[PDB]
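Two forms, one protein chain; structure tokens for each follow separately as structure 1 and structure 2.
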Structure 1
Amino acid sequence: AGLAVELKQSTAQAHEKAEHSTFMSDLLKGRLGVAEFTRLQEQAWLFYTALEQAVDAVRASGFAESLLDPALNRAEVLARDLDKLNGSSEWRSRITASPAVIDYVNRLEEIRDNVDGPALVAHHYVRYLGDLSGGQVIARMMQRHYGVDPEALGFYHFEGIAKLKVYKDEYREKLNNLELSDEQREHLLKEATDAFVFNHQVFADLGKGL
């Protein structure tokens, strides 16, 4: 099976086992509010900042360069959104990572330091393919349920991508064309499972008030 198909199959499997949470479900159906949305995006700034440091190192090494499109970068975008949500820049020195986010960030930093291309591609897949599918849709829900201004929703729009549907097809084809040893491939698939698990834990912690 192509890598894109195998990764879809690691996702699916990881969903069962996942610690169940209702944070995102509640958020998207209008049961929470702007505060809880802001808490999510503060955690996201931490992990997208870590992720993108890792992406930068792996790209600079010359691994998977075409997949690692800098137009995907979200961290600075999130910071601009948070400046709007919080009213100031202060939040940068005051946000505290949940225990799940600490563990996630620690993995992403280890990947950066090791310049681990296969592991980075796994995390890139888990974060960005989900973002490229869940966008305009989540943003609209935040506008509709909670009146969040578009100025605070820039995370959901990729300025550099004209045609999202085609972009996702190209992305999956780039995955299918990545040259990997059997060992790198096995490592990448394992890491994709781990990344999905980190992600579920972030939401479980948000759902506990952590």
Structure 2
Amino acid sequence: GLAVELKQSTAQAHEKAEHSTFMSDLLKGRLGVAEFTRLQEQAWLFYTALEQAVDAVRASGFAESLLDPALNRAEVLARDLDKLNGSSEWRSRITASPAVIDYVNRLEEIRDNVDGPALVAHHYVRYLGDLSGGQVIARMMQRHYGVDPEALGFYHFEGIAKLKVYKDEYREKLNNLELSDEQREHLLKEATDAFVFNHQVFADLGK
């Protein structure tokens, strides 16, 4: 089934992402709220772009039940970043890292091509990770850095009650998607590139 083949085909990359120097230092408590904030600011850039692609693919009629607007992160993230930074200053100050310029360009290509299979790959890499390892990250930021839970909206998924059921249902939606051989191959390849872009976001933050 597709959910299983996704998890399998990216499990090695996921292990490598765990061991990125930036993210490893962050989660062991060696950095601080400033570096978590730098990450969130890059993520607001790529989630803005991802959610434009989502919106395009949802409107085309592809994977509609999977692309639940409730998952949208960008506006919650911006509220988090208002709290973390103390003001709206960050909006004119932030710039995309080179890793983010590549990731955003790919998401804009998927948007304008309305490429349903490529979009579902990027949707799985980001949102199932947020829904799945996100508490771990939200707990670490609270424990090591004292980040207020109100600045971790991104991880809360307001509007979802039973989270484990939602995850189960998300993976059943992936399994039930109609895909040709060419579309499934393209989706799997894109999921590998999604992890590659994410890992390079951390590499660039660590510079």
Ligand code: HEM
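Heads up, when I say rigid core I mean the largest set of C-alphas that superpose within 1.5 Å between the two forms. Residue 1 is the first residue of structure 1, and the numbers go on in sequence order from there.
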When you get a sec, tell me if the form deposited with ligand HEM bound is 1 or 2. 2
Once the core is aligned, please say if the CA of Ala14 is shifted by at least 2 angstroms between structures 1 and 2. yes
Where the core is superposed, what shift in Å does the CA of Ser88 undergo between structures 1 and 2? 1.2
Please report, in Å, how much the Cα atom of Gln136 moves between structures 1 and 2 when the rigid core is superposed. 2.2
